[PDB]
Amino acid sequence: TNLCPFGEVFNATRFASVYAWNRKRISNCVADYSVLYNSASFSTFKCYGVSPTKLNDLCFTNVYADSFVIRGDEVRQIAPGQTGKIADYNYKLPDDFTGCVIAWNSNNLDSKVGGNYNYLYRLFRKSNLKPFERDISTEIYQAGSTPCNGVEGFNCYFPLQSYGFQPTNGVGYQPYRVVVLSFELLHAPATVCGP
């Protein structure tokens, strides 16, 4: 019995900032999705193009698991066809997305009383991300007609900003860990199936 290593994804010690979202390739294993869907710890579990109760009856060539941290009010952006700073500049799903979006509140682990500022998001970008594009660039963003010469200043912004998570914040400003499972269905041999 070679189960898919979901634990390595969902219980990873550290989670990426959303701008630097991580992706794991899941192949050649048996996936018991029902353990995930039946887990109450998940505040969000939304599937697209498949039904979550029937996941254990389907086979895919590959599964991808993207993971990162965002704040509560932004979880709604992790869906096809959405707009906003996360959907436009940090993590973009395709319109034809087939998969599941899973999230849970991580205030107890990602907030700290002095405020935790290690988690970052991109606040400025010259164009919207293409689907599954990943931008890790740090160049000063030129908001006006004056070039920035790589220095921050008036209309010249560092493009990444910290969330600032402290446990006292409202739910919409608390940290959420997110895992997005992408189900690849090509017409090649399947390598990830349910039991």
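If you superpose the two forms and keep the largest set of C-alpha atoms that fall within 1.5 Å, you have the rigid core. Just count from 1 along the sequence shown to find any residue number.
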Check your understanding: Is 147-155 or 24-32 the stretch whose C-alphas end up farther from this model in 5 other deposited structures of this protein after a rigid core fit?
Key -> 147-155
Practice item. On mean C-alpha B-factor from the PDB entry, just flag whether 108-116 or 80-88 is the higher one. Key: 108-116
Review point. Which wins on mean Cα temperature factor, 169-177 or 13-21?
Key: 169-177
Review point. For the listed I70, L55, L160, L129, which has the peak Cα B-factor recorded in the PDB entry?
Key: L55
Review point. What third of its chain, lowest, middle or highest, does the C-alpha temperature factor of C148 fall into?
Key: highest
**Study point:** Record-listed C-alpha B factor of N28: chain third
**Key:** middle
Practice item. Ordered by C-alpha B-factor within the chain, which third holds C59? Give me lowest, middle or highest, please. Key: highest
Exercise for review: State the tercile, meaning the lowest, middle or highest third, of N38 with respect to the CA B-factors recorded for its chain.
Suggested key: middle
Point to revise | Third of the chain's Cα B-factor distribution that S137 belongs to, per the entry | key: lowest
